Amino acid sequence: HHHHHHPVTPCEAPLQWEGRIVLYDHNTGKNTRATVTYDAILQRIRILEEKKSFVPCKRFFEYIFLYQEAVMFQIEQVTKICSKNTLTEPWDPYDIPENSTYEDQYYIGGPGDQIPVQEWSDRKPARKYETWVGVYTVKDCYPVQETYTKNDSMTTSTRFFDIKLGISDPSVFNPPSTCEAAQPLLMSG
């Protein structure tokens, strides 16, 4: 039997990638499926909601968050109606904060196809419940899952997949021409 040190700090998540996610929102119970272009160097993130067959939702959005310019564009994918809004909130990366609490390492999957991952949190002894848990791969530190009990009880779980390093198509961060735009509230049905 052998004794593995707990890691002194967490691995460093990739800075740029193209991937896909599911965002599960318990306040609404909604699962949102999106293609994501993520760039922590410029602190921008582009989210393209996906439509599946016969979902009861008519409206689907593209989001372009440009934190270095304190603006977010939201575009109805059909109408192409744009909303330009101010971003007050600071950038938040998909990574493990360097002061996170190490929780575990384990294998996801079966024999012959299993992947080692690590789990980290913001657990400390002064607080009964964590607000953040992250599951990242051991080998490349890619995000796998995060749950965020953030926002005073407004919680989400995000699952990450089909991630590919780098950004093959930068143009996605250019807002469309219809984005000579004002600050409308666009929400889904």
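From 1 onward, residues are counted along the sequence shown.
Enquirer: Please compare 146 to 154 with 51 to 59 and name the stretch with the higher mean C-alpha B-factor in the deposited structure.
Expert: Mean CA B-factor is higher for 146 to 154.
Enquirer: Would you tell me which stretch averages the higher CA B-factor in the PDB entry, 156 to 164 or 125 to 133?
Expert: Averaging CA B-factors over each stretch, the winner is 125 to 133.
Enquirer: Per the entry, which of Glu18, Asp169, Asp25, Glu12 tops the list for Cα B factor?
Expert: Of the options given, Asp169 has the highest CA B-factor in the PDB entry.
Enquirer: Per the coordinate record, which of the options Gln105, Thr88, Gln74, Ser100 holds the highest CA temperature factor?
Expert: Across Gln105, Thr88, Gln74, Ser100, the entry lists the biggest C-alpha B-factor for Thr88.
Enquirer: Lowest, middle or highest third: where is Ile81 by Cα B-factor in its chain?
Expert: Highest third, going by the recorded CA B-factors of the chain.
Enquirer: Quick check for you: using the entry's CA B-factors within this chain, is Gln43 in the lowest, middle or highest third?
Expert: As the PDB entry reports it, the C-alpha B-factor of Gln43 lands in the middle third of its chain.
Enquirer: With respect to C-alpha B-factor, does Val138 fall in the lowest, middle or highest third of the chain as deposited?
Expert: Ranked within chain, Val138 CA B lands in the lowest tercile.
Enquirer: In terms of the CA temperature factor given in the entry, to which third of its chain does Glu119 belong: lowest, middle or highest?
Expert: Lowest third.
Enquirer: Using the temperature factors of the C-alpha atoms in this entry, rank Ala70 within its chain: lowest, middle or highest third.
Expert: Its C-alpha B-factor belongs to the highest third of this chain's values.
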